[PDB]
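Here the structure comes first, spelled out in structure tokens, and everything after it is commentary.
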Amino acid sequence: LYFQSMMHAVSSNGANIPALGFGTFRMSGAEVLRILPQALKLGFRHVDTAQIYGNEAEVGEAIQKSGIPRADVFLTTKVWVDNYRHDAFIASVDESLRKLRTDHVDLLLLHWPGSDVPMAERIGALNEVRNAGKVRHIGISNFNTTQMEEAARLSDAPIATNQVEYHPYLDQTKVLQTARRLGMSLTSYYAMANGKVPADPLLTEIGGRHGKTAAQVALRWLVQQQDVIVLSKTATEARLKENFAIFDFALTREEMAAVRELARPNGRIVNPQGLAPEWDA
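Take -5 as the starting number for the sequence shown in the entry's author numbering and just add one per residue.
Spelled out as structure tokens, the structure:
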């Protein structure tokens, strides 16, 4: 069918997030200024950044210089945990918008659940900036299922997505099931599992069958799942074009089950003490 070879957007409780995004996590400012313009030319329309990454300024510059109308880009940033108290929260959002050279972001996330600031205060501030017209959609990041349920319950506005580490080596069964019940999506980071993916023999085998790399296989395995969005880090023009070409093909049912078997109890890469929650077991 005509639309099955094209990138989809993912219904994310009303947010419609493009299934593949340009993630600026792990990217320097200079890397962003070089590569993001090319990404946008090539056809990327979802850009993901955060206060803590320190590259919002360059994201803003790159988008502005691209000549892509603002309304055509889906732009996400994240509130850093140091900015969680109400007044710091509101101020940090205005500051992000100055760096991003726009009056609104499409999506604003709480970056991590771990904080002394009450959840309802953070969720309250998310809703405030949404109502102010500074944020179109609100969401969360690295929340466990208990916190997802709590966020959905406390928030007047729907929670669009939970952005979490997700790759073949980390099982997200419980998180996905909760997301789908609550109507939110899951946004994946670390699809490549810090280099494990290109070295995986099973993924290279499946990739071979389709004329695709192990990397494209992992990206496809994510993007082929219902309600899953994937962020890619492309620090060179070559990975850029490769990562984008994942709507060409589909994995068989058996290929999907096999990639799912790669999950390991020690597969999680990102686990900062204090910020990370008690992950679902």
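Built from N, CA and C at the ideal position, the CB exists for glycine as well.
Can you find the residues in the same chain that come closer than 6 angstroms, C-beta to C-beta, to residue i, ignoring five residues on each side of it along the sequence?
i	result
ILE132	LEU102, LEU120, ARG124 and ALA151
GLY201	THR207, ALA208 and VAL211
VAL264	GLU159
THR198	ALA208
Take residue i and list the residues in its own chain whose beta-carbon comes closer than 7 angstroms to its own, dropping the five residues that flank it on each side.
i	result
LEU213	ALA185, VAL224, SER226, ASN237 and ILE240
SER6	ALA154, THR155, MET178 and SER179
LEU216	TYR160, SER182, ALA185, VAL222 and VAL224
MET0	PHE241
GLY17	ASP42, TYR183, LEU225, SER226 and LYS227
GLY37	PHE238
Return the CA-CA distance between residue i and residue j, expressed in angstroms with no decimal places.
i	j	result
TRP106	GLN58	29 angstroms
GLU249	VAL111	44 angstroms
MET113	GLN157	17 angstroms
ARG79	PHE137	18 angstroms
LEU269	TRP74	10 angstroms
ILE117	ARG147	10 angstroms
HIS40	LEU91	17 angstroms
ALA275	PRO63	43 angstroms
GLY23	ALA56	10 angstroms
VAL222	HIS204	22 angstroms
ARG20	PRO266	15 angstroms
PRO195	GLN218	21 angstroms
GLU89	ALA244	42 angstroms
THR246	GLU144	36 angstroms
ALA251	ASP165	12 angstroms
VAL4	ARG174	12 angstroms
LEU234	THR70	19 angstroms
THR96	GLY54	8 angstroms
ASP100	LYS168	27 angstroms
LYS72	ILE84	12 angstroms
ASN260	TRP273	12 angstroms
Report the partner residues of residue i according to the DSSP bridge assignment.
i	result
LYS72	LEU103
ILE223	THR181
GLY133	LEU103
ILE153	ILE132
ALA3	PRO12
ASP42	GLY17 and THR70
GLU159	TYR183
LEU164	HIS161
Does DSSP put residue i in a helix, in a strand, or in coil?
i	result
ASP66	helix
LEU14	strand
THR96	coil
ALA251	helix
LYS235	helix
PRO271	coil
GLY54	helix
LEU148	helix
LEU245	coil
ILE84	helix
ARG175	helix
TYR47	coil
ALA208	helix
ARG79	coil
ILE240	coil
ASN260	coil
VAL123	helix
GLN218	coil
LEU34	helix
Indicate whether residue i and residue j have their beta-carbon atoms separated by less than 8 angstroms.
i	j	result
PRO192	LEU256	no
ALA154	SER135	no
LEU(-5)	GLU50	no
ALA229	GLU52	no
Can you list, in chain order, the residues of its chain with a C-beta nearer than 8 angstroms to that of residue i? Leave out the 5 residues immediately preceding and following it.
i	result
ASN188	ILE263
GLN141	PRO107, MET113, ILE134 and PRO271
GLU231	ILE29 and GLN32
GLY8	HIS131, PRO152 and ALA154
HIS98	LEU91, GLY127, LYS128, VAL129 and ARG130
Do residue i and the ligand ZN come close, with the Cβ less than 7 angstroms from some heavy atom?
i	result
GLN171	With respect to small molecules bound, the structure shown includes none, and the ligand ZN cannot be examined in it.
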